[PDB]
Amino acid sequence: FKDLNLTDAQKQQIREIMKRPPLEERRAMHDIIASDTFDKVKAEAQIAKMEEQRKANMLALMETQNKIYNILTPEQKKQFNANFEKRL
């Protein structure tokens, strides 16, 4: 949101606050799904490989949201926190 009444300074701070696409990963997933048989050990290896991209993506998402939280005023943080409850 869009719920927080962001000052123009804050939105510039935010714009400034905001690796490779997990594409070869999807390819390996495709090959597991399209196979004549299910290969559990190969699937486990794909899951484990996906954990490294997920870690990167989660760390980036949490760090971004943390830096945004800390440009907010007390009133805005309260609204941010309420909104966080309301998703999903």
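Think of the rigid core as the biggest set of C-alphas that the two forms share within 1.5 Å after superposition. Counting begins at 1, following the sequence as shown.
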Would you say which of 27-35 and 50-58 moves more relative to the shown form in 4 other deposited structures of this protein, going by RMS C-alpha distance with the core superposed? 50-58
Say the other structures are aligned on the rigid core; which stretch then has the higher CA RMS in 4 other deposited structures of this protein, 8-16 or 66-74? 8-16
Deposited residues omitted from coordinates between residue 23 and residue 24, as a class: none
If you average the CA temperature factors over each stretch, which comes out higher, 44-52 or 23-31? 23-31
Comparing mean C-alpha B factor in the record for 61-69 and 8-16, the higher one is 8-16
